[PDB]
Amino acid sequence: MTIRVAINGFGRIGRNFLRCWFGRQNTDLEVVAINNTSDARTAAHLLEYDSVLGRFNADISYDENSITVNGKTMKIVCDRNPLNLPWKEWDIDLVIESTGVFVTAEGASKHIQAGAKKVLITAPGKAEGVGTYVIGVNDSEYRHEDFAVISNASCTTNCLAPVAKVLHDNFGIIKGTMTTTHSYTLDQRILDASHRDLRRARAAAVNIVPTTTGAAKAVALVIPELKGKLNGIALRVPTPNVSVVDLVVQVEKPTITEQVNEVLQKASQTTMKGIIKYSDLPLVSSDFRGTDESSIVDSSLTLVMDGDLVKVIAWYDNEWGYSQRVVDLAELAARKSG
């Protein structure tokens, strides 16, 4: 039926998640609270005007400590300490952790101590303790009691995994490598400034910047048969949104370009309907802004070297597509609370 949801960290994913939610047909979610760093005024304003999604077409208003959208009112709070949040009193079942700062089991659990029952990290979990799910890959393995702290993995892993599942099922992945040409994010710097990563420290809009990614190793979390078989890197480039994955895998079953495309397209219409979009048009990155699928296979770019070495390129709106999946995963949690 319905679970009460609160969003912690009203940033890119936070606001994207909200909009996705409001565009949904039906839902078992009731967003009742938002925890942010600024005021209610700033939350309503950044929710309405988005440099990438454009203006949110909806009735948006706000007051000293809440925001209202199309009639639904959501309390606004602002505590940098999750432990101080009124989750218990507000009867919060599920908190969407999208602050980027409570990604460990303990960290994210501070919301449990504060009263919530389950928390969903909109990012990879760090350390042990969190269950990871990727809609369309291991979602049938979701059990309510497994973890109070779950993760929807990263945007890159959500694009990568579905395609890896289809590629592995039909040809058998022996080993593979991947590179993601990714839009810059708020974790990078607009101009040269210190950062734990000497590369993300550099002016994002004027540099192609290499950076590590755990996305390839992470698919093992949702497709255990691929443990230690994949890896790769990331290249952050000067675009504000949408990215693309370049996956190269040595396959076990010799095949041909027309065929890997055939199965990927087959899957986009059936088993990965809604998860994998099959695009055979000569399109560019900004053409996928707002696409709901987690992986957008660009068919005309598929390539097979000597029968067993395949390359597939898949696009993804790392903000919106991902948020659609975190919505799906929350909805999945809803369809089985306690």
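We number the residues from 1 along the sequence you see.
Peer 1: Would you tell me which stretch averages the higher CA B-factor in the PDB entry, 81-89 or 233-241?
Peer 2: Higher mean C-alpha B-factor in the PDB entry: 81-89.
Peer 1: Quick one: say whether 183-191 or 250-258 has the higher mean Cα B-factor in the deposited entry.
Peer 2: Comparing averages over the C-alpha atoms only gives 250-258.
Peer 1: Please work out which residue in 298, 306, 59, 293 has the highest C-alpha B-factor recorded for this crystal structure.
Peer 2: Among 298, 306, 59, 293, the highest C-alpha B-factor in the entry belongs to 59.
Peer 1: Reading the B-factor column of the entry, which of 157, 212, 73, 207 has the highest value at its C-alpha atom?
Peer 2: By C-alpha B-factor in the record, 73 ranks first.
Peer 1: Lowest, middle or highest third: which one holds residue 7 when the chain's residues are ordered by CA B-factor from the entry?
Peer 2: Its C-alpha B-factor, which the entry lists for residue 7, ranks in the lowest third among residues of this chain.
Peer 1: Pull the Cα B-factor of residue 286 out of the PDB entry and bin it into the chain's lowest, middle or highest third.
Peer 2: Middle third of the chain for residue 286's C-alpha B-factor.
Peer 1: Quick check on the deposited entry: does the C-alpha B-factor of residue 221 sit in the lowest, middle or highest third of its chain?
Peer 2: Highest third, going by the recorded CA B-factors of the chain.
Peer 1: In terms of the chain's CA B-factor thirds, is residue 162 lowest, middle or highest?
Peer 2: As the PDB entry reports it, the C-alpha B-factor of residue 162 lands in the lowest third of its chain.
Peer 1: Where does residue 202 sit by CA temperature factor within its chain: lowest, middle or highest third?
Peer 2: CA B-factor rank for residue 202: lowest third.
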